[PDB]
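Sequential numbering from 1 applies to the sequence shown in the deposited numbering.
A virtual CB, placed ideally from N, CA and C, is assigned to each residue, including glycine.
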Amino acid sequence: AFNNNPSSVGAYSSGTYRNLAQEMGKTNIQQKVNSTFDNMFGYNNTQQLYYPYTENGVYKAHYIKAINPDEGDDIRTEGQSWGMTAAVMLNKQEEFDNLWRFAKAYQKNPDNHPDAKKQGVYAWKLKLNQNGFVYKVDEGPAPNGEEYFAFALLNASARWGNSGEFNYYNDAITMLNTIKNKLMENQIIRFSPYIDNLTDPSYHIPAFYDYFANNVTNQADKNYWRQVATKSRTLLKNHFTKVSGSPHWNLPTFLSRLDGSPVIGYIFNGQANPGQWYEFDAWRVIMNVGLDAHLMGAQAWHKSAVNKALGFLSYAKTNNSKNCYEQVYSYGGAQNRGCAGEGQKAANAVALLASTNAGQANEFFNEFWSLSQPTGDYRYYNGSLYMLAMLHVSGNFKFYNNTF
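So, in structure tokens, the structure goes:
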């Protein structure tokens, strides 16, 4: 049965990882996790997101393909770093290494780039040109990518050691320093090097920062990352307080100021959507709160955040003519951007690790577990999230510490 009283002590400290799918009575759990990976990292052009990159017939590396019907397929640091994370959790080293080779070779901006703000960060959007060769479309970073790269590399070091192709550990420490020196403001993850007083709630994964602190060697840096972790929980608590009740109606938003206040409307040229929207980025916030609760312990704010957000989505579904909650809300109002797909459902399942309502857990868990693995043109974001969620709900998303 659903454990509606999640522990205040996290799996990272106790070593006890929940298996949510087992709590909800499911069977053949690990088989489903394994086939999810196999189909996403298999050459089937159906669920597949992992693709080889070759140059003049010579194999180079692999990437996670951000399939994009509206605008041409492209290749993103978010997906790449998520793919690596998935691979390390399932002990899939080749897959890991093939994705990391790509990132280091082709995503990384040179350390001597003329713009100091871009030095060593990872270009968020690549494409293959008309002749099949990779190029950078936008050199700016998507800092959630670097955060996952560092996390995945530290775990690869811990599981596999550093004497093969890659010194994963050194690559991880380099990545951490890049995050600290290029992608932080006042110990809060940046949305952009070029804009201050701006974060994206979905980029906040407080447990990762605690894991970083435990995996660096020097006292100053250990304290730096524990402070990041504390400030991140504070940001999230503040954002959840600001979105409670009117006018945001309990869903977190795309963009926030450093005090947690939702950003209202547009604030910069190029911005994809209004700041106050619960949209594709924001879906992941309560997923991250679930992660944090699982790994580092559930506190009152975790539970409130999740229960209130899931509560709003269930209400919203009762007030939808399609009998679904949708992908995009703004001030509690549906924006007619489609019924939730698999990724959003996956994020909400993971959130259950902070839920205290068994009824909600039944509903949201079974909606996720009933799905088939994503296919078709929208599978990059849905399928990437589906994979992560499969790991999280099966007790496979773990922190592997290095030993010193």
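Backbone CA spacing between residue i and residue j [nearest angstrom]
| i | j | result |
| --- | --- | --- |
| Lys117 | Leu183 | 9 Å |
| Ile29 | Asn269 | 45 Å |
| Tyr194 | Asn3 | 44 Å |
| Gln344 | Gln119 | 33 Å |
| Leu20 | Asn396 | 11 Å |
| residue 407 | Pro274 | Since the displayed the chain opens at 1 and closes at 404, residue 407 lies outside it and no answer follows. |
| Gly341 | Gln327 | 8 Å |
| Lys322 | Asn348 | 19 Å |
| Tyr329 | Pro262 | 13 Å |
| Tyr381 | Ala66 | 8 Å |
| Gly57 | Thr230 | 49 Å |
| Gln48 | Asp97 | 18 Å |
| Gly260 | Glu55 | 46 Å |
| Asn214 | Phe399 | 11 Å |
| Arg226 | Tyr203 | 17 Å |
| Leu236 | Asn186 | 15 Å |
| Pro114 | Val121 | 13 Å |
| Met89 | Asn366 | 24 Å |
| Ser8 | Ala300 | 9 Å |
| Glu71 | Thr46 | 20 Å |
| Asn197 | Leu291 | 26 Å |
| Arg233 | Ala334 | 28 Å |
| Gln31 | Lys92 | 15 Å |
| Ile188 | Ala293 | 20 Å |
| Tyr315 | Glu94 | 45 Å |
| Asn336 | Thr403 | 50 Å |
CB of residue i within 7 Å of CB of residue j, strictly
| i | j | result |
| --- | --- | --- |
| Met287 | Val228 | no |
| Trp249 | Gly332 | yes |
| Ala103 | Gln130 | no |
| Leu295 | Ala11 | yes |
| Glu139 | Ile179 | no |
| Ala354 | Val289 | yes |
| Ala150 | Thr77 | no |
| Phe191 | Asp200 | yes |
| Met387 | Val33 | no |
| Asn112 | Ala123 | no |
| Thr85 | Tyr148 | yes |
| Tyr53 | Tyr43 | no |
| residue 452 | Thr356 | Absent from the structure is residue 452, since the part of the chain shown begins at 1 and ends at 404. |
| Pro6 | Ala272 | no |
| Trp82 | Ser384 | yes |
| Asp74 | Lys125 | yes |
DSSP three-state assignment for residue i, whether helix, strand or coil
| i | result |
| --- | --- |
| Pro262 | strand |
| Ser372 | coil |
| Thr356 | coil |
| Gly383 | helix |
| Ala1 | coil |
| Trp301 | helix |
| residue 405 | Residue 405 lies beyond the stretch modelled for the chain, which goes from 1 to 404, so this question has no answer here. |
| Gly338 | coil |
| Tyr122 | strand |
| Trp249 | coil |
| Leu20 | helix |
| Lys127 | strand |
| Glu367 | helix |
| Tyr329 | strand |
| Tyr194 | coil |
| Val216 | coil |
| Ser14 | helix |
| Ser394 | coil |
| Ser256 | strand |
| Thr403 | coil |
| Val134 | strand |
| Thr230 | helix |
| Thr241 | helix |
Residue-chain proximity (residue i, chain B), Cβ-Cβ < 7 Å
| i | result |
| --- | --- |
| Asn155 | The chain inventory of the structure shown lacks chain B, comprising one protein chain alone. |
Worksheet item: At what residue ranges does the segment 36-110 contain a whole run of the alpha helix (DSSP H), taking only runs of 4 or more?
Response: 77-89, 93-102
Discussion item. Quick check for students: name the residue ranges of the alpha helix (DSSP H) that lie wholly in the segment 136-192, counting only runs of 4 or more.
Written reply: 143-160, 168-182
Item to complete: Determine, using beta-carbon pairs with one atom in the segment 298-309 and one in the segment 356-368, whether at least three such pairs fall under 8 Å.
Response: yes
Practice prompt. Tell me, please, whether the segment 129-148 touches the segment 372-380 by the rule of three or more beta-carbon pairs shorter than 8 Å.
Written response: no
Item to complete: Report yes or no: do the segment 205-219 and the segment 241-255 share at least 3 C-beta pairs separated by less than 8 Å?
Response: no
Discussion item. Assess contact between the segment 12-20 and the segment 38-50, defined as three or more Cβ pairs (one per stretch) separated by less than 8 Å. Is contact present?
Written reply: no
Discussion item. If contact is defined by three or more beta carbon pairs under 8 Å, each pair taking one atom from either stretch, is the segment 149-156 in contact with the segment 170-179?
Written reply: yes
Worksheet entry | alpha helix (DSSP H) segments (min. 4 residues) lying fully within the segment 267-322 | 283-296, 300-318
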